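Worksheet: one structure, shown below.
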Amino acid sequence: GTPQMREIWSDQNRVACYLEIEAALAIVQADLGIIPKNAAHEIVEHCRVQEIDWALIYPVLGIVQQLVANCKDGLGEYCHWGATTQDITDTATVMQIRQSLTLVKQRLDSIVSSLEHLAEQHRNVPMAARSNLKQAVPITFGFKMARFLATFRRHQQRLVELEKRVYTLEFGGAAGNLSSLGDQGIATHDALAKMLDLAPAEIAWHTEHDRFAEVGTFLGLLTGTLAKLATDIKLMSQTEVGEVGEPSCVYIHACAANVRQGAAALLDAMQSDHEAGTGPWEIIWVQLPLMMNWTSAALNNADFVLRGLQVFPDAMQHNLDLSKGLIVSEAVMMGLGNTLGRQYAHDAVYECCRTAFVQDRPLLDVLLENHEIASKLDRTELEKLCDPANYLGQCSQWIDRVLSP
Amino acid sequence: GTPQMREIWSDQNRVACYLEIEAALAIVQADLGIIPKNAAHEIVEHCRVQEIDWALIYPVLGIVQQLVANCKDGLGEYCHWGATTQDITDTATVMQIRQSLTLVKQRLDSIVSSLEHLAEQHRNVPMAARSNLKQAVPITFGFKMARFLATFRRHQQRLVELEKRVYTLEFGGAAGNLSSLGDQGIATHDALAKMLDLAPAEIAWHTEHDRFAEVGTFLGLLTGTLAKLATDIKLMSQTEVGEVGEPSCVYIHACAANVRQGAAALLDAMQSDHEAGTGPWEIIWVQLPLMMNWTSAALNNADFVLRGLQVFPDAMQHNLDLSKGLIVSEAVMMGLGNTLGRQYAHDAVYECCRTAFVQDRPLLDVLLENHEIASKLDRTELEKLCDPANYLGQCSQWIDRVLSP
Amino acid sequence: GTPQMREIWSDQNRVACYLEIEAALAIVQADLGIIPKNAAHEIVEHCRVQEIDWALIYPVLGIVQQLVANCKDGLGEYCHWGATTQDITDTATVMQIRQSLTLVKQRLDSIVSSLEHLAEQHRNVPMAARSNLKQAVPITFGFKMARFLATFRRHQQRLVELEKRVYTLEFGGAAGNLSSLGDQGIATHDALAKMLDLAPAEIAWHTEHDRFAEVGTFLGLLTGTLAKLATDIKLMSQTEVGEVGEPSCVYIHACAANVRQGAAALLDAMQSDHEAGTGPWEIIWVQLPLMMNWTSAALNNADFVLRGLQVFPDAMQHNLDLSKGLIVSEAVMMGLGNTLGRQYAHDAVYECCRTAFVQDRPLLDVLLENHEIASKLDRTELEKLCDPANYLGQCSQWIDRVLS
Amino acid sequence: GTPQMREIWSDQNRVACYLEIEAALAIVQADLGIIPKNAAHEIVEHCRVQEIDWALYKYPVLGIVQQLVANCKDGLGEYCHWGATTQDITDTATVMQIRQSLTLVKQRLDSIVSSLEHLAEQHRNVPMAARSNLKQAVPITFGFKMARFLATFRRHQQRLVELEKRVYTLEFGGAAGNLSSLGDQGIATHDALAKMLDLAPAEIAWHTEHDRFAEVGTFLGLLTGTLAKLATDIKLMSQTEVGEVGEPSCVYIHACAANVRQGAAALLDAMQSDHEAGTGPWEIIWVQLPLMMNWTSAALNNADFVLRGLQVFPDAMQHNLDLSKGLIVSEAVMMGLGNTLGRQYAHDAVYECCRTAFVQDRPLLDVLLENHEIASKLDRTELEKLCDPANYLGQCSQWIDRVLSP
Ligand SMILES: O=C([O-])/C=C(\CC(=O)[O-])C(=O)[O-]
């Protein structure tokens, strides 16, 4: 992961969420009259990570013991009231997921910016579109970048839409009903949710892992797009192609591949049992932080390579001419269809292409060896049809469509 | 799959969308003056599946040949103009995905309806909350049904949000620029999108398999919940438990397992290359129809079992009382906490619990053999504290919260 | 899938395994005196798929009913004795898995044969080795084919080793103990295994899905190699590369991608419960035939493309020269190290390479513009060092190692 | 993971294998006359992990070989790593770690097979209800259940041995697998190093093959799969409403099985590498393999422990067996009466007694005795004996004997 993301899921930050949740709970339950105000005043005072000794099997109760034994007069005996261990972790993860998606939103912003710039800069730079790694028809490199831009924006919408579901609180107690809090449970839950800038929960979700999984599936979709970017780039940076040059993409392949399988594990964890299951919880506890760190590795590399990406229009022009005009045969067909018969127009270029291909000669040269062509049309305009730059299509217009929203 | 969903993705339905797309294109392209007005009239006339010989090998061009060779006066030379094969296939898939989500939305209503009824009907039927298949604390069966209900509503929200991205058109030609349509390309695209009640595409997406993948990951989340439901039922319908009864769930388990792995394939297909690529398309071409029919099988079984679910509160009573009050030991702790110290109360019930556990005797009897207990509290309320039905917490209240929005 | 493999898993063939299994059971149990000789003698007579109404919820009991009701004198009441439905399906699958692996073994022979031919034929054809899609150092195309050959041979060993575990019988009744057969259960089971040329089972495996899953994971490894091959080919057949030509590979990508994810489903199906479980079983019932048909599609395409593969040595030479000799800079260093100083040799060619690269000029041209170089050795052999075709290494010998 | 397995894949162990590989290469390459004999003595002497400053470098191997060359006097360190590429060191070192890891797996599997062998015998005759789809089916013994696992864990052991002969191979091919810089001594150096490291020589390079590592991965997937079924059955049998067994931990094995299998899929995906060398596919293996090894060891440790200390309560199995009040052994009653009254007629009649005994929640014996045809053609002493689950156990001790003989 990246130093930014690798600390979000570090212990130091994690147990910080722990102390931040316990303090808010103490405040909430004091205001509701569940615990003494002065005990709460002391619980919160010692909820500072700077004051925790890192002793070397319980992730949360290990902290609340160092907090209970660190409060004067045994006032620390009043924290963690009515809350279960999973409540602290799940809500803490939710807090961490938000911190992570802030970076993702920031990296996505930069990536969309870089793409917007490249789509404009190379708006009209011609190149060969490739289908199954074979050349197809002429397009512009800015058109290629525009197709990515439209994708990352869809991913941006996906991220925003899931935030309103994921940013929920997890405070349901042992069986999700908060028995030991009696009737103050729902009062405490909604109080804590407002305290933590989280949405109140409709009902407990200690075994309903749909929220966390949605994050995984999004990370999988996003990394998937980032992988296509690295594939096209490293393809275009081939020794034999050289249409672009990196300023780092090969790493995105591992991130996306690990992330997609990780998301599948999270979908498996959705098949939890009853009100609590250690197994499924453990799966999320393991994959989710990894998936966050893989995706940040991908976004960072992707952001960098685009910001410093080198584009070589000369190489793109050269590759377009490998076909010696064959690539724009469709243009020659439609162009010549006016002077010669439409039926003959197709039948002549089509046959002239086979000749020029088996003979590895320019299409223009085989067209001019047909007498009707050489007689009813001259070289200057016959060449203009065989120019790949003339069959660029209506791309710049599409590029504008993507840059308008 | 189910007969309802297997006809959406049947061959007959597919070639039906093909012919419906070709007709709309002929209309649109005539209206723009791209093709002859009378030629379109005959193209549309032969866009009836009833007129196609199932000689079966090409997916689209096998049909467009039967349409061209079926149009008199050589008018069939004008269909499929400027469109590539994937344009027809993907757009048809988009159409089929919508029909499929029509069924999914309806089954989700039946499933959400059933849960609302069960959440109320069994609102107060008590039962033992289970953590790791071990008993924990008492809750009500209606509380369990609400937790599923609240989830399926989230899945419904997710379904709607992706519809606005999925219901897009795919008409970009060979490289997404619609070269052969010249300056009429974007005009034709938006026209066809309006013709087919689809949103127009910002830019081509022949290798941007994010939309279809979005569908896949959704089916994974949705089936994930349907899988947890089937687990809880068949667990609660165990011979040794018998708390519920089916009217069939075991099949849902396989669906969830296949759909999640299929989704992983779709995320893999997202790493497509350049402008067009067979294979990534093939993965989707195979998985999506398979995944749709598995999910429909799951929704059908889930829908049916819920409408006919047998709930036996007596079994929940029997299993709940097996602990002889141990399950509601926490209640006894808090009760004596008023007369005696709260902390001191807990240390005593736990010790009273060890005895009743080693002696396999009711906790109430072990409470009464401690004299200090019998002196600071009488049998009538110690019986009332050891009653599991009294330590349910604010469940009916949580149940109400899920039933409001 | 392919017509050869797609009929192995067709209904016609499946219920044929059903009817062949039931007959052997009637013979064995009659032979053991469990059922009458004449009932078995007649039950087997009606175990012909041609006599089953294909117009038809239960996969096996639907067939065994057409046999019970089709036997004269009600003699058909003696078939399916003591056996559970899963016994018939699982044993039938095992029989089908064997038939499928027969095709796979043949495809591997053809593919390994083609590779042996290609590795020898193009033993010395030089080409550019590629690392991260960038050129690295010269190797021969036969050397590339040998690396595949060594792998497909490993896959062959894997196939044979699992065969001794997979070709087992599944006859355990309801709980794997064959209660209703009493003490003749083990007698009947072991008899049936020999009847069907299967190994008898140590104990029941109605929920012990290690065998079927192992098949899946092997299919995963095999298609894994087939996928790399298709990628290398289509990379080498790019418009801008043109080192080879297909006679079709893009399908292998989907096959491998489905088979690899399918295998995970089977690994999930291993988490079965207790003595029998629908669902975990269902996963295998669905994935196994699909993965078998994808793998045959991949093997089929791969076998054909290798037999008809076009190799263009001229294109391979052209790509090697793109670097203008830089690709064999390591060769120039070690060669010149004797005439010049070893340390200087490295320090000088290294600097000349940076120049020739930033200047997009031949390395030989920059080497001769160094005065010491031009003075202590002449162009005839300086050209000889810059030739990529001379720095191939021990490829032909390595190729010999793979061909044994 | 476990301290032993968490230590095999620790950095200290990894950089230790690097130095052991570098030393063996220097010895071999001096012995072949490729490098100076005196230079090797300086390379080997400074191949001690105690002499490495843990100044992390973000190159995995060259960060060490730079500290090894710069730590050798007389510029004699210029001769290490000759003709070897970075992946050569990592892959060969990984092979070494896989061997140490598979050493632990073999030991833990022995303990597990031993425990099961003992439980299968001890509880050979302990009756219990076979369960199909979590519903009761017919009576079996706990030893039969434990033996079915035993037969599987033995199969897993055979699989491990078969893959070792392929995995324990060397990785020495240079940049493209041709060992250009070693000239004609390349194949000589490779085969020498393989013997030096007690590894099999490689037929040809495998920098982009990944068939070996994937085989290991899929194996860990199969193994953890079985460990997952075991963890399910125990906690299923330790359920509050069941109580047939008791743990002394199984819920953790469930996550390992789920994580290892999806990791295995990643390793199969990494097989689609390109040409002669490729980062990414290598990275996938670099990340998943150590994770999968430590997940699998965690499972094996928990599984081994719970099996040695598994508490079995035969009374609970008896208690659950009688919940059906004889219906569970209804097939037995049919075959008994099938002799006097006829097989076909017996089932068609006993089934009706089952519907009654169930609808009335009365013992099957009681409804059987109220039918006169039964009461007249069969006596209470054996009608009671037929409805006893312990009498319809079938051949189990024999199957257990079959599994325990090899
Ligand atoms: O640098 C490394 O440790 C390994 C590499 C780099 C590469 O791909 O060139 C590999 O996996 O081959």
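Simple scheme: letters A, B, ... for chains in structure tokens order, numbers from 1 for residues in each chain, numbers from 1 for ligands in the order shown.
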
Kindly assemble as a Markdown table a list of the chain D residues that lie within 7 Å of ligand 1, each paired with its nearest atom pair and their distance in Å to one decimal, using only C-alpha atoms and all ligand atoms, sorted first by chain and then by ascending residue number.
```
| residue | atom | partner | partner_atom_place_in_ligand_line | distance |
| --- | --- | --- | --- | --- |
| D:59 | CA | ligand 1 | 1 (O) | 6.7 |
| D:60 | CA | ligand 1 | 3 (O) | 5.9 |
| D:61 | CA | ligand 1 | 3 (O) | 7.0 |
| D:86 | CA | ligand 1 | 3 (O) | 5.3 |
| D:87 | CA | ligand 1 | 4 (C) | 4.7 |
| D:90 | CA | ligand 1 | 3 (O) | 6.7 |
| D:207 | CA | ligand 1 | 12 (O) | 6.6 |
| D:277 | CA | ligand 1 | 12 (O) | 4.8 |
| D:278 | CA | ligand 1 | 8 (O) | 3.9 |
| D:279 | CA | ligand 1 | 8 (O) | 3.7 |
| D:282 | CA | ligand 1 | 11 (O) | 4.6 |
| D:283 | CA | ligand 1 | 11 (O) | 6.8 |
```

Those residues you just picked out, can you put them in a file as a JSON list (two decimals), in the first residue's frame with N, CA and C atoms?
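And here's selection-v5.json as it stands now:
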```
[["chain", "number", "residue", "atom", "x", "y", "z"],
["D", 59, "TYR", "N", 14.99, -2.83, -4.62],
["D", 59, "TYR", "CA", 15.36, -4.14, -5.14],
["D", 59, "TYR", "C", 15.39, -5.21, -4.07],
["D", 60, "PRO", "N", 14.73, -6.35, -4.33],
["D", 60, "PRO", "CA", 14.64, -7.39, -3.29],
["D", 60, "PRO", "C", 15.95, -8.14, -3.08],
["D", 61, "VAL", "N", 16.65, -8.47, -4.15],
["D", 61, "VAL", "CA", 17.87, -9.27, -4.09],
["D", 61, "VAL", "C", 19.10, -8.39, -4.22],
["D", 86, "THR", "N", 17.68, -11.69, -11.08],
["D", 86, "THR", "CA", 17.04, -11.50, -9.78],
["D", 86, "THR", "C", 15.99, -12.57, -9.51],
["D", 87, "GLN", "N", 15.15, -12.88, -10.51],
["D", 87, "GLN", "CA", 14.12, -13.90, -10.30],
["D", 87, "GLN", "C", 14.73, -15.26, -10.01],
["D", 90, "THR", "N", 15.10, -15.36, -6.25],
["D", 90, "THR", "CA", 13.83, -15.38, -5.53],
["D", 90, "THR", "C", 13.11, -16.71, -5.71],
["D", 207, "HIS", "N", 10.59, -19.25, -15.65],
["D", 207, "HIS", "CA", 10.35, -17.92, -15.09],
["D", 207, "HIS", "C", 8.94, -17.41, -15.35],
["D", 277, "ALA", "N", 9.57, -13.22, -19.32],
["D", 277, "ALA", "CA", 9.60, -12.70, -17.96],
["D", 277, "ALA", "C", 8.54, -11.62, -17.82],
["D", 278, "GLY", "N", 7.88, -11.60, -16.68],
["D", 278, "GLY", "CA", 6.82, -10.63, -16.48],
["D", 278, "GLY", "C", 6.50, -10.32, -15.04],
["D", 279, "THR", "N", 6.69, -9.07, -14.63],
["D", 279, "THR", "CA", 6.24, -8.67, -13.31],
["D", 279, "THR", "C", 4.71, -8.64, -13.30],
["D", 282, "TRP", "N", 4.26, -12.66, -11.51],
["D", 282, "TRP", "CA", 5.19, -12.98, -10.43],
["D", 282, "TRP", "C", 4.74, -12.34, -9.12],
["D", 283, "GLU", "N", 4.33, -11.07, -9.16],
["D", 283, "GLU", "CA", 3.88, -10.39, -7.95],
["D", 283, "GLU", "C", 2.70, -11.11, -7.31]]
```

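In this structure, the chain C residues at most 6 Å away from chain D are residues 130, 131, 132, 177, 179, 182, 202, 203, 224, 227, 228, 232, 270, 271, 272, 274, 275, 276, 277, 393, 394, 395, 401 and 402 of chain C, with only C-alpha atoms considered.
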
**Request:** Give the residues of chain A that lie within 6 Å of chain C; count only C-alpha atoms, and format the answer as a PyMOL selection string.
**Result:** chain A and resi 133-134+238-239

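The nearest approach to chain D among the residues B:272, B:248, B:180, B:124, with only C-alpha atoms taken into account, belongs to B:248.
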
**Message:** Need to verify the contact set: residue 22 of chain C, 8 Å, only C-alpha atoms, exclusion of same-chain residues closer than 6 positions in sequence. Can you return it as a ChimeraX atom specification?
**Reply:** /C:44,47,79-80,88

**Prompt:** Neighbours of segment 273-288 of chain A within 9 Å (only C-alpha atoms; same-chain residues fewer than 4 positions away dropped), as a PyMOL selection string?
**Reply:** (chain A and resi 86+93+97+174-176+204-209+212-213+215-216+259+262-263+265-266+268-269+292-293) or (chain B and resi 129-133+144+228-229+231-232+235) or (chain D and resi 250-256+258-259)

**Message:** If we count only C-alpha atoms and set the cut-off at 9 Å, which residues sit around residue 294 of chain D, ignoring sequence neighbours fewer than 6 positions away in its own chain? Please answer as a PyMOL selection string.
**Reply:** chain D and resi 1-2+5-6+9+256

Could the residues in this selection be saved with N, CA and C atoms as a PDB file, in the first residue's frame?
```pdb
ATOM      1  N   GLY D   1      -0.827 -16.726  11.127  1.00  0.00           N
ATOM      2  CA  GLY D   1      -0.004 -17.914  10.980  1.00  0.00           C
ATOM      3  C   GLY D   1       0.603 -18.414  12.282  1.00  0.00           C
ATOM      4  N   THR D   2       1.447 -19.505  12.192  1.00  0.00           N
ATOM      5  CA  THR D   2       2.102 -20.068  13.365  1.00  0.00           C
ATOM      6  C   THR D   2       3.559 -19.617  13.434  1.00  0.00           C
ATOM      7  N   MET D   5       5.695 -21.485  10.937  1.00  0.00           N
ATOM      8  CA  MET D   5       5.428 -21.147   9.544  1.00  0.00           C
ATOM      9  C   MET D   5       5.553 -19.651   9.312  1.00  0.00           C
ATOM     10  N   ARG D   6       5.219 -18.842  10.317  1.00  0.00           N
ATOM     11  CA  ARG D   6       5.363 -17.401  10.181  1.00  0.00           C
ATOM     12  C   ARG D   6       6.831 -17.015  10.129  1.00  0.00           C
ATOM     13  N   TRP D   9       8.683 -17.829   6.260  1.00  0.00           N
ATOM     14  CA  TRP D   9       8.489 -16.766   5.283  1.00  0.00           C
ATOM     15  C   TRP D   9       8.835 -15.386   5.838  1.00  0.00           C
ATOM     16  N   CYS D 256      -9.736 -19.529   6.860  1.00  0.00           N
ATOM     17  CA  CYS D 256      -8.573 -20.008   6.116  1.00  0.00           C
ATOM     18  C   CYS D 256      -8.995 -20.705   4.830  1.00  0.00           C
TER      19      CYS D 256
END
```

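Assigned to strand (DSSP E or B) in segment 110-200 of chain A, given DSSP computed from backbone atoms, are residues 126, 127, 128, 129, 130, 131, 134, 135, 136, 137, 138, 139, 140, 168 and 199 of chain A.
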